[PDB]
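Before any comments, here is the structure.
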Amino acid sequence: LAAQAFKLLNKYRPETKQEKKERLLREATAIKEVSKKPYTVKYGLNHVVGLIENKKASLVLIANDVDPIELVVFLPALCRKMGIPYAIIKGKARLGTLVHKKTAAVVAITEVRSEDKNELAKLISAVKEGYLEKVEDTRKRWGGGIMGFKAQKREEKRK
Amino acid sequence: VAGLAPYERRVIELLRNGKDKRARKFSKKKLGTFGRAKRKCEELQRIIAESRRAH
Amino acid sequence: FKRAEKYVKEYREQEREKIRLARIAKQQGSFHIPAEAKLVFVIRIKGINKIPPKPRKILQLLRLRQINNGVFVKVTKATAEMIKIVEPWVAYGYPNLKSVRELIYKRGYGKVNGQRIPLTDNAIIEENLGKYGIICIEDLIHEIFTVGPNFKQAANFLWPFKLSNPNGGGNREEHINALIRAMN
Amino acid sequence: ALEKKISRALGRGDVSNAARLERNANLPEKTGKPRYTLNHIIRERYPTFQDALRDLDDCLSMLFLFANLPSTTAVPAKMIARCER
Amino acid sequence: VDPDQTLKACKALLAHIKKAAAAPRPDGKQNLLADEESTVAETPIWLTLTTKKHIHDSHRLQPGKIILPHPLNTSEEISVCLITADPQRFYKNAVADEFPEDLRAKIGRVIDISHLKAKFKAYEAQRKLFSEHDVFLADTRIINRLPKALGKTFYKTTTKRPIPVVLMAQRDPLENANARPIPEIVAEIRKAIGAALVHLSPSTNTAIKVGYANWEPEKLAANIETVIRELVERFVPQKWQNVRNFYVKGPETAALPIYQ
Amino acid sequence: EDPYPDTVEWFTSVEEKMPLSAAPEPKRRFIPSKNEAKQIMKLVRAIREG
Amino acid sequence: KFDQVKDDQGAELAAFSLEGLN
Amino acid sequence: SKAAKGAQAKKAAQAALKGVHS
Amino acid sequence: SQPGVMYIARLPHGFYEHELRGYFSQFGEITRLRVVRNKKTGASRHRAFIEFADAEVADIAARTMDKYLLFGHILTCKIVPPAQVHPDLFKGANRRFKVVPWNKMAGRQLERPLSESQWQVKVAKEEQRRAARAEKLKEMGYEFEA
RNA sequence: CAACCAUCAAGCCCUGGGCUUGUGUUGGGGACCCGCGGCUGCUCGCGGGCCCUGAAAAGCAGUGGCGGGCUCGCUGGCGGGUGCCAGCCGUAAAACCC
């Protein structure tokens, strides 16, 4: 599911500083001598959570390793209340790769072109029946319980 | 998301058990004023009400 | 361990090729080329991991098995359909004099007793063939640029050329002569 | 540090940033001109044109030997094509 | 085949459709979007050819067109979609420049082959293009691309299939398209819409559209007589001997025999 | 006493359909970007001057 | 100056034309 | 026997879920 | 030795007999496998039955491929209960469902000549049905002379 | 898990335009219409017409053969089988491979 999500998401990468500077140089030299809405992956916490609060986001992808965890700890509940399907992926560095930054705490998809309206819909379902209805019981339940042999013998000695 | 404080969990347990007077007096000693005891017990009683609505 | 990702892809490439191969035999094997006999230098490039059985016999016939080999062929109505089967794994184009003369001089290998020896002496040439009208390497060089009846043995004498892999440098008419210069 | 920057865009998957950083690298496989500029070093090593002709003895012997040799990873066909030219 | 029997054949059938459509509803649900006059207007009437041998040869299995003395689709109601090649903007400007009266109003969408493979790749979009537009025109180059981009729901389940149009003259898409002159472009389109489409299936029973039910009876009679004449000479193999029984038929009614 | 309990969704179990913000969308979200149009004409002025 | 077509055709020494004056 | 089949099934499940690389 | 019955649907085009066998054989020993196809043309109905030597390795294989996005299809892998399995699930195990050219054979059988007596019963079936069609077409009000 | 048939040829006719080949497509469902092959018959196949379905799905698999593998015996040779063939064809027979 990670590879299929990033296959769609790589197709909607933002433009880097080089090809944006060349693209602005395009329209400047043509003005010397007609565009539709750009569609990019949306990033930034306050930008993304503003989008999911306004129901403009289609899919939300959240990193698992935000060093202050509070910045994303409300995100799974907010996405579930608002109705946007979300997913949780390994690597904020992997999301920064998509964004052309170092780290991205969260990314979102709002609207895609009509070439792949079907591809996003199948990914939206695949995230829902493959990830969302599998962690449903584990959303509410606590962690812990990975005690080893040394911890078990120490606990038996203490008790 | 956050859950409850340890003191709020005790007030919750008394409110399900029906000991409203004990929960109100416990909120007085913990928070400090009677109007804050009324406010916290009202918010927690609305939490128990909305809990069984989802249940 | 190999995934069901690759299983569906491998079977999709196999049905696509079988349809195209059975397209080719069912249709007439005629190319839009003049009937005058010409010469092709042809180079194997890895197309797909699995391979179908009719090209299996014919790639062993061109001894074109290892990665990035080349050999010189002469087109007929027969040899065209041999080429017109093996397209996705090979590249076919007309050589030039500078390209052919360099390639054998930089890399010249011959076949005697099932051994791959270099081309060190012209006395080795006469010890190998001798009585076929050839006198040195330049006799074989001229034999490549204009095809004679003895080219069949000269192709059999010549080992496939193990070229170097380029780092980024169907039909291409002059772009393969750019590909030899990029990867020799 | 620039060779580290070439593997940056390869690691990011940025093909365009890989194209321009190799162009900033001016790597000798795609150019044929040598990677480093040694005009000052040659000027310091040879004080006169006569000494350049004295080292042209081994230079032209090296040039014609390695113009006859085929291409490898160290010496590509572009650099031999510049050498024989 | 004689004119007078097929003259009286269309009287009895067309009265039956007009009688059956004027019949009331077996419950108390009247129809909002179907007027009585508009009910009998839309329904096509076709003939069906029943031959005695299978049509296996590829020299006849390809689709084709008959010109009639009265064209088939002509109402403003139909929307025409043209499948083109290479540029799409150039043909979009072509319909934005050439003909105001019947061309732009009938033509619903000009759409490229590359955009067909990309945008309408899935089955949902394939079925929504099938429903939206009424007739379909394809460049003679593009037809061999089409039944892979277009599906079984598009191609084989229905007689409504893309129609060959010639758009070549006698390659970088941005530079220049190999195309034939603009005022002669529409001339092939005019013959394309007004044409009885024919596609001979492998088996022995085929059905060719000849008209609708709102027309005047002898106006059908001249259309069918040309349709029998053109089919047996051009497409039907083994000349005038292969045919066994012809019929004249409406949507849900029976089939009225004409023998050959 | 159960020491650390299960969490019940008493608020997220219901899903509301409207966005929280009732504020109108600005026009800037429907038109070509004025901020880039300034940047382009700055590049035009630099190219005119050479 | 030199011609790439002559060099590709095999001129070698013949493709290179030398002009006396700049 | 049964433990070896369970071990090879867990190894196949781990490779299908987490990968073989590292 | 309890076998497991596993049902795989939403099957992508190309995930047929041998590749479906080749994939889950890596998971465990496969007893037999049969993907259902269509009568008229050889064409898969995107649904298959595969049986493992061990029931425990079937549950491992089913839960590891329960929801998997492959070629635009989210396959459903689910274990059929042992009490809910018809014993005739494998009348066609492990063999070929050959693509029989039904339309071609039936089409030309019309074209090879018959027996002379067989032509007369062809006519005998023929004249009894034109009168039958003429009877029901008399109600509309059209009659055919020939 | 990429793309990749022809970003147009060839041959004709009555030399200016048209004709003919370049075989390709998901599966189901309706308590709907008709044509043609079979069944004594209920009904089963072939073909089109109308409608519905996220690239959806919980048995119903049945048609005659050509060659090949694992085998059961007899003298590398011969005779029968195979919940066989990512090989063919349509029932005689061929073709491919080594």
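By order of appearance in the structure tokens: chains A, B, ..., then residues from 1 within every chain, and ligands from 1 in the order shown.
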Can you pull out every residue within 8 Å of range 8-17 of chain H, counting only C-alpha atoms (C1' of nucleotides), but drop anything in the same chain fewer than 3 positions away, and send it as a list in words?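 Residues meeting the cut-off are residues 1 and 3 of chain C; 4, 5 and 20 of chain H; 26, 27, 28, 57, 60, 61 and 64 of chain I.
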Resulting file, chosen residues, N, CA, C and O atoms, as a tab-separated table (two decimals), in the first residue's frame:
```tsv
chain	number	residue	atom	x	y	z
C	1	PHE	N	12.60	-14.46	-2.51
C	1	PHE	CA	11.16	-14.61	-2.60
C	1	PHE	C	10.65	-13.63	-3.64
C	1	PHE	O	11.11	-12.48	-3.69
C	3	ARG	N	7.22	-11.92	-5.74
C	3	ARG	CA	5.87	-11.51	-5.42
C	3	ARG	C	4.91	-11.81	-6.57
C	3	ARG	O	5.32	-12.06	-7.70
H	4	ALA	N	8.78	-26.49	11.55
H	4	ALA	CA	9.48	-25.99	10.38
H	4	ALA	C	8.52	-25.34	9.39
H	4	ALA	O	8.85	-24.33	8.76
H	5	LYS	N	7.33	-25.93	9.22
H	5	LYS	CA	6.32	-25.33	8.35
H	5	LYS	C	5.80	-24.02	8.92
H	5	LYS	O	5.54	-23.07	8.17
H	20	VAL	N	12.52	-7.87	2.13
H	20	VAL	CA	13.71	-8.70	2.29
H	20	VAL	C	14.92	-7.81	2.50
H	20	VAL	O	15.90	-8.21	3.13
I	26	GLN	N	4.87	-20.74	-2.64
I	26	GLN	CA	5.89	-20.16	-1.78
I	26	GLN	C	5.40	-20.05	-0.34
I	26	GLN	O	6.19	-20.08	0.60
I	27	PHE	N	4.08	-19.93	-0.16
I	27	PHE	CA	3.52	-19.86	1.18
I	27	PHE	C	3.45	-21.24	1.82
I	27	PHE	O	3.74	-21.40	3.00
I	28	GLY	N	3.05	-22.24	1.04
I	28	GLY	CA	2.87	-23.57	1.58
I	28	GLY	C	2.48	-24.53	0.48
I	28	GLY	O	2.31	-24.15	-0.69
I	57	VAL	N	-1.60	-23.13	7.51
I	57	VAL	CA	-0.87	-22.34	6.53
I	57	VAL	C	-1.80	-21.72	5.50
I	57	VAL	O	-1.39	-20.83	4.75
I	60	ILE	N	-2.73	-18.43	7.35
I	60	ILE	CA	-1.60	-17.50	7.24
I	60	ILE	C	-1.57	-16.87	5.86
I	60	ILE	O	-1.37	-15.65	5.72
I	61	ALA	N	-1.80	-17.67	4.82
I	61	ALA	CA	-1.77	-17.15	3.46
I	61	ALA	C	-2.95	-16.24	3.18
I	61	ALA	O	-2.83	-15.24	2.46
I	64	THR	N	-2.53	-12.81	5.02
I	64	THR	CA	-1.45	-11.99	4.49
I	64	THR	C	-1.78	-11.41	3.12
I	64	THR	O	-1.08	-10.51	2.66
```
Check chain D with DSSP on the backbone and list each residue it calls helix (DSSP H, G or I), as a PyMOL selection string. chain D and resi 2-12+15-25+28-31+39-45+49-54+56-68+77-84
Contacts from chain E to chain I, 9 Å maximum, only C-alpha atoms: show me the residue list as a VMD selection string. chain E and resid 5 8 to 9 11 to 13 15 to 16 52 to 56 202 to 204 254 to 259
What does the file look like for those residues with N, CA, C and O atoms, as an mmCIF file, in the first residue's frame?
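The result, stored in part_5.cif:
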```cif
data_model
loop_
_atom_site.group_PDB
_atom_site.id
_atom_site.type_symbol
_atom_site.label_atom_id
_atom_site.label_comp_id
_atom_site.auth_asym_id
_atom_site.auth_seq_id
_atom_site.Cartn_x
_atom_site.Cartn_y
_atom_site.Cartn_z
ATOM 1 N N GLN E 5 -44.685 -5.259 -52.088
ATOM 2 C CA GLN E 5 -44.841 -6.004 -50.844
ATOM 3 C C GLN E 5 -44.157 -5.287 -49.690
ATOM 4 O O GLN E 5 -44.703 -5.220 -48.584
ATOM 5 N N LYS E 8 -46.337 -2.358 -48.665
ATOM 6 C CA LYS E 8 -47.411 -2.635 -47.720
ATOM 7 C C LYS E 8 -46.883 -3.251 -46.434
ATOM 8 O O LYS E 8 -47.636 -3.397 -45.466
ATOM 9 N N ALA E 9 -45.604 -3.632 -46.409
ATOM 10 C CA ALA E 9 -45.023 -4.170 -45.184
ATOM 11 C C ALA E 9 -44.897 -3.097 -44.111
ATOM 12 O O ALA E 9 -45.138 -3.360 -42.928
ATOM 13 N N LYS E 11 -46.696 -0.437 -43.717
ATOM 14 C CA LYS E 11 -47.982 0.035 -43.212
ATOM 15 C C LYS E 11 -48.380 -0.704 -41.944
ATOM 16 O O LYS E 11 -48.737 -0.081 -40.939
ATOM 17 N N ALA E 12 -48.323 -2.036 -41.975
ATOM 18 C CA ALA E 12 -48.864 -2.830 -40.879
ATOM 19 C C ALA E 12 -47.989 -2.725 -39.639
ATOM 20 O O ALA E 12 -48.490 -2.728 -38.508
ATOM 21 N N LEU E 13 -46.675 -2.637 -39.831
ATOM 22 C CA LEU E 13 -45.779 -2.561 -38.685
ATOM 23 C C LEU E 13 -45.872 -1.204 -38.004
ATOM 24 O O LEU E 13 -46.029 -1.126 -36.781
ATOM 25 N N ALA E 15 -48.219 1.009 -38.031
ATOM 26 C CA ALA E 15 -49.485 1.142 -37.323
ATOM 27 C C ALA E 15 -49.443 0.416 -35.985
ATOM 28 O O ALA E 15 -49.996 0.900 -34.992
ATOM 29 N N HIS E 16 -48.784 -0.746 -35.941
ATOM 30 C CA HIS E 16 -48.716 -1.524 -34.708
ATOM 31 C C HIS E 16 -47.892 -0.817 -33.639
ATOM 32 O O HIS E 16 -48.247 -0.861 -32.457
ATOM 33 N N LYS E 52 -27.583 -18.427 -45.147
ATOM 34 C CA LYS E 52 -27.455 -19.841 -44.821
ATOM 35 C C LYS E 52 -26.031 -20.281 -44.516
ATOM 36 O O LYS E 52 -25.840 -21.432 -44.111
ATOM 37 N N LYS E 53 -25.032 -19.423 -44.695
ATOM 38 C CA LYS E 53 -23.678 -19.773 -44.296
ATOM 39 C C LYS E 53 -23.075 -18.710 -43.391
ATOM 40 O O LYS E 53 -23.414 -17.526 -43.449
ATOM 41 N N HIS E 54 -22.164 -19.186 -42.548
ATOM 42 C CA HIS E 54 -21.394 -18.350 -41.640
ATOM 43 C C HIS E 54 -20.524 -17.376 -42.426
ATOM 44 O O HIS E 54 -19.961 -17.728 -43.465
ATOM 45 N N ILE E 55 -20.408 -16.147 -41.932
ATOM 46 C CA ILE E 55 -19.543 -15.142 -42.552
ATOM 47 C C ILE E 55 -18.239 -15.150 -41.761
ATOM 48 O O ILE E 55 -18.068 -14.430 -40.777
ATOM 49 N N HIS E 56 -17.301 -15.982 -42.209
ATOM 50 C CA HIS E 56 -16.028 -16.190 -41.534
ATOM 51 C C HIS E 56 -14.911 -15.317 -42.079
ATOM 52 O O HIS E 56 -14.008 -14.940 -41.322
ATOM 53 N N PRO E 202 -19.774 -12.652 -37.263
ATOM 54 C CA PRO E 202 -19.417 -13.975 -37.801
ATOM 55 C C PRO E 202 -20.605 -14.851 -38.174
ATOM 56 O O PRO E 202 -20.551 -15.527 -39.207
ATOM 57 N N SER E 203 -21.693 -14.834 -37.408
ATOM 58 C CA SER E 203 -22.768 -15.773 -37.685
ATOM 59 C C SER E 203 -23.779 -15.193 -38.673
ATOM 60 O O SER E 203 -23.601 -14.110 -39.235
ATOM 61 N N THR E 204 -24.868 -15.933 -38.868
ATOM 62 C CA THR E 204 -25.717 -15.828 -40.047
ATOM 63 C C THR E 204 -26.851 -14.821 -39.922
ATOM 64 O O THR E 204 -27.582 -14.622 -40.897
ATOM 65 N N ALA E 254 -42.849 -8.304 -33.803
ATOM 66 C CA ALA E 254 -42.383 -9.485 -34.511
ATOM 67 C C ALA E 254 -41.689 -9.061 -35.802
ATOM 68 O O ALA E 254 -41.431 -7.879 -36.044
ATOM 69 N N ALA E 255 -41.384 -10.033 -36.655
ATOM 70 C CA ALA E 255 -40.624 -9.804 -37.874
ATOM 71 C C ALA E 255 -41.473 -10.175 -39.080
ATOM 72 O O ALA E 255 -41.993 -11.292 -39.156
ATOM 73 N N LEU E 256 -41.587 -9.249 -40.032
ATOM 74 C CA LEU E 256 -42.446 -9.436 -41.194
ATOM 75 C C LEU E 256 -41.620 -9.937 -42.365
ATOM 76 O O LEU E 256 -40.691 -9.239 -42.793
ATOM 77 N N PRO E 257 -41.935 -11.095 -42.938
ATOM 78 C CA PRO E 257 -41.038 -11.725 -43.908
ATOM 79 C C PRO E 257 -41.002 -11.052 -45.270
ATOM 80 O O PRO E 257 -42.006 -10.575 -45.798
ATOM 81 N N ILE E 258 -39.791 -11.001 -45.819
ATOM 82 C CA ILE E 258 -39.548 -10.787 -47.241
ATOM 83 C C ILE E 258 -38.591 -11.880 -47.696
ATOM 84 O O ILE E 258 -37.500 -12.027 -47.136
ATOM 85 N N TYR E 259 -38.986 -12.650 -48.703
ATOM 86 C CA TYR E 259 -38.194 -13.785 -49.151
ATOM 87 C C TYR E 259 -37.352 -13.447 -50.370
ATOM 88 O O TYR E 259 -37.752 -12.647 -51.222
#
```
Do a neighbour search on residue 33 in chain J at 10 Å with only C-alpha atoms (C1' of nucleotides), toss out local chain neighbours closer than 4 positions, and write the hits as a PyMOL selection string. (chain E and resi 250-254) or (chain J and resi 49-50)
Excluding same-chain residues fewer than 2 positions from range 115-121 of chain C, what lies within 10 Å of it counting only C-alpha atoms (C1' of nucleotides), as a list in words? residues 104, 105, 106, 107, 108, 109, 110, 111, 112, 113, 123, 124, 125, 126, 127, 136, 137, 158, 159 and 160 of chain C
Interatomic distance (Å, one decimal) between CA of residue 130 in chain A and CA of residue 153 in chain E: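 Interatomic distance here is 29.9 Å.
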Quick one: residues within 10 Å of residue 103 in chain C, only C-alpha atoms (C1' of nucleotides) counted, chain neighbours fewer than 5 positions away excluded, as a PyMOL selection string? (chain C and resi 98+108+161+163+180-181+184) or (chain D and resi 70)
Selection from above, N, CA and C atoms, as a compact mmCIF listing (two decimals), in the first residue's frame, can you write it?
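Now in selection-v7.txt:
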```
# COMPACT_ATOMS: atom_id res chain seq x y z
N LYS C 98 33.81 3.54 -40.59
CA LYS C 98 34.58 3.85 -39.40
C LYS C 98 34.14 2.99 -38.22
N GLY C 108 38.85 -7.84 -31.38
CA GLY C 108 38.80 -8.90 -32.37
C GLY C 108 39.09 -10.26 -31.78
N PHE C 161 30.92 -9.85 -30.38
CA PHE C 161 31.67 -8.76 -29.77
C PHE C 161 31.08 -8.43 -28.41
N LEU C 163 30.82 -5.94 -26.11
CA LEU C 163 31.00 -4.51 -25.94
C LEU C 163 30.82 -4.10 -24.49
N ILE C 180 27.06 2.56 -31.14
CA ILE C 180 28.38 1.94 -31.13
C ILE C 180 29.43 2.93 -30.63
N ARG C 181 29.34 4.20 -31.05
CA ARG C 181 30.32 5.19 -30.62
C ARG C 181 30.16 5.54 -29.14
N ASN C 184 31.31 1.67 -27.36
CA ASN C 184 32.59 1.02 -27.61
C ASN C 184 33.69 1.71 -26.81
N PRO D 70 41.38 0.41 -26.79
CA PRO D 70 39.92 0.61 -26.72
C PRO D 70 39.48 1.36 -25.48
```
Near residue 88 in chain I, counting only C-alpha atoms (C1' of nucleotides), which residues have an atom at most 12 Å away, once you skip same-chain residues fewer than 6 positions from it, shown as a ChimeraX atom specification? /I:34,49 /J:59-61,83
Chain A residues near chain D within 9 Å, closest pair each, using only C-alpha atoms, as a Markdown table:
```
| residue | atom | partner | partner_atom | distance |
| --- | --- | --- | --- | --- |
| A:16 | CA | D:17 | CA | 8.8 |
| A:18 | CA | D:17 | CA | 7.9 |
| A:19 | CA | D:16 | CA | 8.3 |
| A:97 | CA | D:12 | CA | 5.8 |
| A:98 | CA | D:12 | CA | 8.3 |
| A:100 | CA | D:12 | CA | 8.0 |
```
Find the spatial neighbours of residue 4 in chain G, counting only C-alpha atoms (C1' of nucleotides), within a cut-off of 12 Å - ignore same-chain residues fewer than 5 positions away - and output them as a list in words. residues 98 of chain C; 81 and 85 of chain D; 9, 10, 11, 12, 14, 15 and 16 of chain G
Hey, can you spit out that residue selection with N, CA, C and O atoms as an mmCIF file, in the first residue's frame?
```
data_model
loop_
_atom_site.group_PDB
_atom_site.id
_atom_site.type_symbol
_atom_site.label_atom_id
_atom_site.label_comp_id
_atom_site.auth_asym_id
_atom_site.auth_seq_id
_atom_site.Cartn_x
_atom_site.Cartn_y
_atom_site.Cartn_z
ATOM 1 N N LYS C 98 33.809 3.539 -40.593
ATOM 2 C CA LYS C 98 34.583 3.854 -39.395
ATOM 3 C C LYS C 98 34.145 2.995 -38.216
ATOM 4 O O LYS C 98 34.974 2.564 -37.405
ATOM 5 N N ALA D 81 38.182 9.753 -28.867
ATOM 6 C CA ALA D 81 37.785 10.502 -30.057
ATOM 7 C C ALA D 81 38.355 11.914 -30.036
ATOM 8 O O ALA D 81 38.673 12.479 -31.088
ATOM 9 N N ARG D 85 41.473 12.979 -32.615
ATOM 10 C CA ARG D 85 41.257 14.234 -33.323
ATOM 11 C C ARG D 85 42.425 15.187 -33.118
ATOM 12 O O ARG D 85 42.915 15.799 -34.074
ATOM 13 N N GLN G 9 32.534 9.085 -42.362
ATOM 14 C CA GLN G 9 32.716 8.286 -43.568
ATOM 15 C C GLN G 9 34.115 7.691 -43.666
ATOM 16 O O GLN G 9 34.330 6.781 -44.474
ATOM 17 N N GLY G 10 35.065 8.180 -42.873
ATOM 18 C CA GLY G 10 36.381 7.576 -42.817
ATOM 19 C C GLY G 10 37.484 8.405 -43.441
ATOM 20 O O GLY G 10 38.484 7.855 -43.909
ATOM 21 N N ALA G 11 37.319 9.731 -43.456
ATOM 22 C CA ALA G 11 38.338 10.590 -44.050
ATOM 23 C C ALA G 11 39.604 10.635 -43.206
ATOM 24 O O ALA G 11 40.707 10.707 -43.763
ATOM 25 N N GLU G 12 39.460 10.593 -41.875
ATOM 26 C CA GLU G 12 40.558 10.636 -40.911
ATOM 27 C C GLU G 12 41.429 11.869 -41.113
ATOM 28 O O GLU G 12 41.123 12.951 -40.600
ATOM 29 N N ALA G 14 41.863 13.360 -43.953
ATOM 30 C CA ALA G 14 41.317 14.185 -45.024
ATOM 31 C C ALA G 14 40.228 15.143 -44.560
ATOM 32 O O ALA G 14 40.012 16.170 -45.214
ATOM 33 N N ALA G 15 39.535 14.831 -43.464
ATOM 34 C CA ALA G 15 38.465 15.706 -42.994
ATOM 35 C C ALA G 15 39.009 17.005 -42.418
ATOM 36 O O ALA G 15 38.331 18.038 -42.469
ATOM 37 N N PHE G 16 40.222 16.976 -41.878
ATOM 38 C CA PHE G 16 40.795 18.137 -41.211
ATOM 39 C C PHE G 16 41.376 19.086 -42.251
ATOM 40 O O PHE G 16 42.417 18.797 -42.851
#
```
By how many Å are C1' of residue 13 in chain J and CA of residue 234 in chain E apart?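 Going from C1' of residue 13 in chain J over to CA of residue 234 in chain E, I get 15.0 Å.
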Find the distance between CA of residue 222 in chain E and CA of residue 10 in chain E and write it in Å to one decimal.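 The value is 11.4 Å.
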